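To keep things clear, I will list the structure first and then write my remarks on it.
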Amino acid sequence: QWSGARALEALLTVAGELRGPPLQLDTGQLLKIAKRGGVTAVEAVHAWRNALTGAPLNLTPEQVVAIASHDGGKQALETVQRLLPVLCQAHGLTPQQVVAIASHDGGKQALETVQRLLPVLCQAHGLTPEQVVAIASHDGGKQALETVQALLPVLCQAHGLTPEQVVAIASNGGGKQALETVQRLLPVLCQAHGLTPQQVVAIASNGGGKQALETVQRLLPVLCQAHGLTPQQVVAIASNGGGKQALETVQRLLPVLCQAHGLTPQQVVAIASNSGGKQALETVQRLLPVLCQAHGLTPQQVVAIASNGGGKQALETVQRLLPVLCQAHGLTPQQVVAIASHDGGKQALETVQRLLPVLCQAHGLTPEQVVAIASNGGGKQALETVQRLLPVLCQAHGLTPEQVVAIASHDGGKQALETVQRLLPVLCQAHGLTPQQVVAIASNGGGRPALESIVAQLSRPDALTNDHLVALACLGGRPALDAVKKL
Amino acid sequence: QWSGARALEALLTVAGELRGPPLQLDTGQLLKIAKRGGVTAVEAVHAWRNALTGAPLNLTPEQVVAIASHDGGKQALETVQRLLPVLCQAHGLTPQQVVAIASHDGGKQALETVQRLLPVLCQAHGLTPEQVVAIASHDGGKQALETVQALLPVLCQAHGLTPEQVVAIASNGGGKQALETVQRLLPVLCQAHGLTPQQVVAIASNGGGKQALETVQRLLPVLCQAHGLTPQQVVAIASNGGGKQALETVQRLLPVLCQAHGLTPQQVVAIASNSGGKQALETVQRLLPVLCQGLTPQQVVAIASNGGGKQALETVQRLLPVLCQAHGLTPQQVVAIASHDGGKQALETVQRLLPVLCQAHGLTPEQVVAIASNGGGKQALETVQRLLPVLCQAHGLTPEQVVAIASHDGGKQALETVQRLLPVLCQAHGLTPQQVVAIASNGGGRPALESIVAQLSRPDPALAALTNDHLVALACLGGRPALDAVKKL
DNA sequence: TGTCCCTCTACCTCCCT
DNA sequence: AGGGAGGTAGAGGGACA
DNA sequence: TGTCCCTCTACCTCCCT
DNA sequence: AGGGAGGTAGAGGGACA
């Protein structure tokens, strides 16, 4: 038992012993933990399983896995056992919040720092607990929290930022570095022919952090003069994680991609202005000719695919799957492009390849309906949810397949479907809506909160007729309903 | 013999000729041009009168009077005939926009500068033509336009203002001075005194902005330490035309008013926080004991606490007795009429029109008082006199409905718009007269009606999911702003 | 003087909830 | 509907050709 | 090498026109 | 209907130890 067994041997032994309660974990979940937490975390999960799952902690297996699967995972598991009770009982944090803080590399450090600093940050006229939890819920959360403590005063007093803007900058991986760099570079960047303070805060708040701010300082003059970009365009490229990489790649590839009958600067900016913009741009360079020759695409289509986050993944997946999808599944290049042209296009394409037969045969949808569901951000999520909920929505709530498809065919389709499942009964039976009206409300981006907002208004109102509320919900969803409140 | 006699005689001669076609100007119009544009303006109107009135320009006589009635009016008249076509074709401006630009001292300079700078302001600076027209449409518009061109970058970048805030500052007489002063004083007022950029923009965003900004810098310390005013109260006093005068008068009279009459600092600040705040404060000091020896202190404060405070106080002193005696009003009613911007105008108009509205139109004194008891009450009262017969006889409204439309700020505008749009909303789109009256019976009645007519006349996609009844409920709830927000969906 | 620009006061209308 | 904001008219001073 | 921190990439949902 | 904004999970690697 106690022994000098090798690393894999130790891992597999623990795996053997984790087949059952309270912590039943498959090799997959064990792989997830091990990639980051290592065999160390797996052994820690094994050692502490009963206390983690038992009272007063009451963590689900899902929460335990989430804490364990990070660098230092063993340390975070030990620390949550000690500090969760403390943070919840003495500071009124929820377990969800504590788990959120714990589930990042170095979670031990973040938890101990929230314990130490929450009392000083949340004094009168200070931060809310929610803001502290948000800052802490990233890798290096300890560093970000200590740096907010230090620099909140100078950033607000000397540089004129609001505490909310400071929290926004701090609430990213490498937040400490972003805060220190804003402090240093604000005066430099914000001069005539420079940036606005708003643009500096945006770059510092959007993921790209210190590196993006430093690269804009470095490259703004040459990008805006020799390369002819606007400061707005430069800020758009800078305002994602990896902004530095996209900026440098634009510098290098603008001369290459914008020659006669190539791309325009505006096309290049659109490709670069997403997370992974460097990868998207390099992949466009590599694959534009071959996608156009081999699969009959046009440059405009290639650019369209590339102009979303994960553009590299979508282009490579089009290269790989367009033939399979057209030949075996009967889709057209246009339909394949349509599915590919959203964030997560790779995920949607692979899910269409996998689920299209099942959806057309067993559930009776047409390929066109499947394409329609797939052709939105999170298309994979919406396709899988249609597969899951179509029969129950049609049988128990009496919807038609066409109505289910309409609910699903928008960004957040998964959320809207699940919310229709939840709320259709109360909306119809308690407030006299028809399923038609519920479907109409749900059949837009932001379908979920539109439904939630209308159920809430119909339950405890602050007028406007119910049909008028429904029309507003359809027109503008939750934001429409909230606009009416302020009237 | 007197030197100015030849010019005056020249003036009266040409003036007589302008009473004929194609302008048929009246006495008031002629005095106005002579007073503000001088003899060169009156002569210019005569010389250009044919070129301006018909094809191509087709300006109305009142438009010609608007352009002529400013220093350099002669210059502006010449420039408008020359540049109006160039600005309507080269930049897509309307004639009404060109006339608005021309209708200020130095309108020539503004027109020429709009011609020269509009492209660069809209292209390189991102401003819209509407924003350029607004900046241009003040005395010294040329200076404001040039300064916006020169300073928009440094103000947005080095000072963190939005382009909208810069336009707001520029869109006042003396815009150039306000912009240059904001550039210099923004860091000082924010960092030394804790003001937000928003507050500084608000101080700068009035006529005499520069003066108010420099006075806040000078007096903020003294006012907040000695007198116990807060930065917010100082900003509030500063945030009007003549802000400087108001602030300096507050320093002088705060203690005097508080000791001798027992006002609080709160009441003093309220009196000071209008256009003419200086005059209001000084008048409260000399008149309060006179009024109260009678009215209560609290009533005097209420009257004083609106723009034109001095005028209303003085008018109440003069008319309080004759209105209560001859016209059977109470002191509380006279105070109510007086306690709005333009109180003096409303009081004098009540004195003139109460007997007429009562006898000729069958209104009650209470209805007359209700119409008068809003800002622009004079205008609403005069419009009721004019339009009550046509609204009732031609459009089927009851006197009660007409009084309801009239009894809000902008009542004149609402009444005229109802007269104008009632038939189209009812006959063409099937609104009931009661629905039209409901939309009109709020502040902003006019624009709410126009927004509603706009939708049902050229059906915009956004407003389509909303039925006429829903649109009516929205228009009544939040007027043009609500309708406009819906359009944005 | 004629013109341009700036400041102050009074008055009117619409907005924001 | 109550305080707040945004706008136009009118008049006078400084400045200067 | 485990722990911590930072940087970069990919994916999902909702908002705003 | 087509971007814009904001949120998350996950991979890789440097520093340190």
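Numbers restart at 1 for each chain; the letters A, B, ... are given by sequence-line order, proteins then strands.
Spacing between atom CG of B/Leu483 and atom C1' of C/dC16 amounts to 16 Å, rounded to whole angstrom units. In this structure, CZ of B/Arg480 is placed 9 Å from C1' of C/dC15, rounded to the nearest angstrom. Following rounding to the nearest Å, A/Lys278 (NZ) and E/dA10 (P) show an atom-to-atom distance of 11 Å. Here C/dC4 presents its P atom at 13 Å from CD of B/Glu146, a figure rounded to the nearest Å. Going from atom CG of B/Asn274 over to atom P of C/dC8 covers 16 Å, rounded to whole Å. Taking atom CG of A/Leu247 as the reference point, atom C1' of E/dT9 lies 16 Å away to the nearest angstrom.
Taking side-chain N and O atoms only, B/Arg446 has a distance below 4.0 Å to OP1 or OP2 of C/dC14.
Every residue two or more places apart in sequence or in another chain was checked for a salt bridge (charged side-chain N to carboxylate O under 4.0 Å, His left out) with A/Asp139, and none qualifies. For B/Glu416, the salt bridge (charged side-chain N to carboxylate O under 4.0 Å, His left out) partners are B/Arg386, not counting sequence neighbours. The side-chain contact (heavy atoms from CB on, under 4.5 Å) test applied to B/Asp484 returns B/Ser451, B/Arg480, B/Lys487, not counting sequence neighbours.
Atom OG of A/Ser69 and atom CD1 of A/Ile33 lie 6.5 Å apart (nearest 0.5 Å). Distance check, rounded to the nearest 0.5 Å: CD1 of A/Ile169 to OG1 of A/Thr181 gives 10.0 Å. The line from CG of A/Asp462 to CG of A/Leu487 is 12.0 Å long, rounded to the nearest 0.5 Å. How far NZ of B/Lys32 is from NE2 of B/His70: 6.5 Å, rounded to the nearest 0.5 Å. To the nearest 0.5 Å, the span separating OG1 on A/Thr40 from CG on A/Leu77 amounts to 11.5 Å.
The environment of B/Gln266 atom CD is sparse: at most 12 non-hydrogen atoms of other residues, nucleotides or ligands sit within 6.0 angstrom.
Among the protein residues, B/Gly38 comes within range of no part of the nucleic acid, since none of its heavy atoms lies under 4.0 Å from any strand. No engagement by A/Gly309 is indicated, since no non-hydrogen atom pair under 4.0 Å with the nucleic acid exists. Within the 4.0 angstrom heavy-atom criterion, no nucleotide atom of any strand lies near B/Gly443. Residue A/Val484 is classed as having no contact, given no heavy-atom separation below 4.0 Å to the nucleic acid.
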Listing, residues 374-381 of chain A side-chain donor-acceptor contacts under 3.5 Å, not counting sequence neighbours, or none:
unit_1   : atom_1 : unit_2   : atom_2 : d
A/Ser375 : OG     : A/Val371 : O      : 2.8

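For DNA chain C, the stems formed by at least three consecutive Watson-Crick or G-U pairs, with both atom-pair distances below 3.5 Å, span C:1-17 with D:1-17.
Distance from the side chain of A/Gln177 is smallest for E/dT7 among the nucleotides E/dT7, C/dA10, E/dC14. Out of C/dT17, C/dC12, C/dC14, the shortest distance to the side chain of B/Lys378 is found at C/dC12.
When each of B/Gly140 and B/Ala380 is assigned the nucleotide of DNA chain C with its nearest heavy atom, B/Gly140 is the one assigned upstream, toward the 5' end.
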A correct 5'-to-3' footprint of nucleotides 4-17 of chain D, with B, S and - meaning base, sugar-phosphate only and no protein heavy atom under 4.0 Å, is ----S-SB------

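Sugar conformation, F/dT8: north. The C1'-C2'-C3'-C4' torsion carries a positive sign.
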